[PDB]
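All Cβ positions, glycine included, derive from the backbone under ideal geometry; neighbour counts span all protein chains shown. Each reported figure results from applying straightforward, stated rules to the coordinates on display, with no laboratory input.
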Ligand SMILES: O=CN(O)CCP(=O)(O)O
Ligand SMILES: O=CN(O)CCP(=O)(O)O
C-alpha cells in the first residue's frame, strides 16, 4: 500500500495580505475526506497571518528555507526561531536556492541534518537539469544529491524526511515530466534507499513529484506506484489546488 | 547643525516571542524627548509581532534584507511584499550578507536602487576589513562601495538613503573604532558626496557608525561632527539600547 500522501503548496516569493486571506478561506471551505497531509509554505512575513487564518485540520505550515542556528546572520531565519513560533516543517535545497543563492550539496545536507536534529519534518528537494538529463546523467545526479544528504543522517532521522524530485526543466516552465519519466526516477530513488538505508525505511518514505503539476495532470501522476504526492508552485496560488489535493485519493 | 539622528537596532537572526515581547515593552516605556528616528529590524517572522506590540511613536520597523521583485525565489522576501504589510525601511548590503551570502557591490547597488524606486528608506552598509585597513586601503574601499551605489541612483533618491559605516573588524568583536577613526571616514564620505552628488545632499545625509557600539561608548562617538547616529547589533537586544538612543541628544 502507499504511505500517506502529501500535497504541498510552495508559494515561493508571492502573495499580498488580501490575496492570501481569500485563498486561505478557499482552502478552509474545502472538505478533505481522505488521509493526506496538506502543507502550505508562505514567505516568512506571512507565516503569522496564515497561522491565524488557516483552520483546515489536514494542513500544516512550512517555512520555505532556514539556517540551522540563531546568531549574527543578518537577513536569515533560523530553525530555533521557527520552532518557537510553531513551525516544524521546512523545505530545504529547493532548486532556486541551489541555483541563485549558492546552496551546494554539502550545505543542503548540513541544513537537512540540523533540521532533523531539531525535530523538523523536512521536504528535501533534488533534481537534474536539462543538460544532465540529455547527457544521460539523471540517475547519477539524483543519487549523488540524495547520498550527500544520507551521509549526515542516522537511520531513525529518515522518519522525518520527505524527498521531492523536481527536474529543473519542469519548474515553472509548463513542461511537466510524463508519469513514466517521473515513475522511473522515483523507483530508482526508492530502490537506492531500500538498499543503502533499509527496506522498512523505503516502504514508508514519501517521494513527491514537483514541476508544472496542475489539477489536470495530477491524477495521472499519482496513479504511478512510487509517486506519493506533489510539491506545487504556480498552481498552489489558485483555487485548483483543491483538485490537486483530491487527486491523491 | 546636524541632520536628524538615527538609532537603529539590528536584531540579526535572534529572538523568541517571549524575549521580544519583554524588550518591546522596555522600549515602549522609555520616553524619548529629543528628535531622533529610532529603527528596529527584527527577523522576517517577527515583523508582525513587533508591529502589534511596538507603540513608541519615535520608532519605525525595518526589514533586515529584501529582494527587488516577487516571483519564483523560494525562501526570499521581496520589496512589494514588505510594502504591502506596512514595512518601508530596509537594511541592505550588511557585511554578513556580503560575506556569507554572496552580495557583491553590484548586487547591493541594484537592491538599493530598486528600494529607492519603490519608496523605501534604505540603510546601506559599507566598510573595510582588517586586511584592507592595514594595507591603507580604507578610503579606496569605502568610496568604491559608495560610488557603486551612487551610479544607480538619481540625485532625488539620496533623500531616502542613510549610509552606515561599519568596519568589518568592529562587528561583534568588542573592538569599537575610536571616535577619531570613525570621524575620519565619515568626513571622507561626506566630502565625496558633497563633490560628486551635491552640497545640499551632503548637508542632509545621515551617516551612521556601527560595530561594537554600546551605551558607554555611544556618547563619545556622537560628539564627532560627521557621526549622525548608530547601527547597533548586540547592544540592541538589551535594555541599554535606551541609553544608546539618549546618547544622540
Ligand atoms: O516548489 C515547487 N516547485 O518549484 C514547483 C514549481 P511549479 O509548480 O510552478 O512548476
Ligand atoms: O548591524 C549592525 N551591526 O552589525 C553591528 C553589530 P554589533 O553592534 O554587535 O557589533
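Listing for the model above:
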quantity	calculated
Residue count for region B:66-86, restricted to those that are surrounded by fewer than 23 Cβ atoms within 10 Å (Cβ to Cβ), closer than 26 Å to residue B:241 by Cβ and facing another protein chain (nearest Cβ under 8 Å)	1
Scan of region B:113-136 for residues that are under 16 Å from residue B:148 (Cβ atoms), within 15 Å of the chain's Cα centre (by Cα) and within 16 Å of ligand 2 (Cβ to nearest atom), ordered by number	B:122, B:124, B:125, B:126, B:127
Search result, residues across region A:39-65 that are assigned to a loop (DSSP other than H, G, I, E, B), within 10 Å of chain B (Cβ to nearest Cβ) and over 19 Å from residue B:86 (Cα atoms)	A:64, A:65
Residue among B:61, B:47 that alone is within 20 Å of the chain's Cα centre (by Cα) and within 16 Å of ligand 2 (Cβ to nearest atom)	B:61
Selection within region A:170-181 - more than 13 Å from ligand 1 (Cβ to nearest atom) and either assigned to a helix (DSSP H, G or I) or within 14 Å of chain B (Cβ to nearest Cβ) (or both)	A:179, A:180, A:181
Within region B:67-101, tally of residues that are over 14 Å from the mean Cα position of the chain (by Cα) and assigned to a loop (DSSP other than H, G, I, E, B)	13
Condition check for residue B:179: touching a helix residue (DSSP H, G or I) at 6+ places or on another chain (Cβ under 6 Å), surrounded by fewer than 18 Cβ atoms within 10 Å (Cβ to Cβ) and under 30 Å from residue B:28 (Cβ atoms)	no
Residue B:164 vs. criteria within 14 Å of another protein chain (Cβ to nearest Cβ), touching a strand residue (DSSP E or B) at 6+ places or on another chain (Cβ under 7 Å) and crowded, with 17+ Cβ neighbours inside 10 Å	yes
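Here is a yes/no grid of residues against (1) within 14 Å of chain B (Cβ to nearest Cβ); (2) on the phi > 0 side of the Ramachandran plot; (3) exposed (fewer than 14 other Cβ atoms within 10 Å of the Cβ):
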position: A:5; (1), (2), (3): no, no, no
position: A:10; (1), (2), (3): yes, no, no
position: A:19; (1), (2), (3): yes, no, yes
position: A:33; (1), (2), (3): no, no, yes
position: A:37; (1), (2), (3): no, no, no
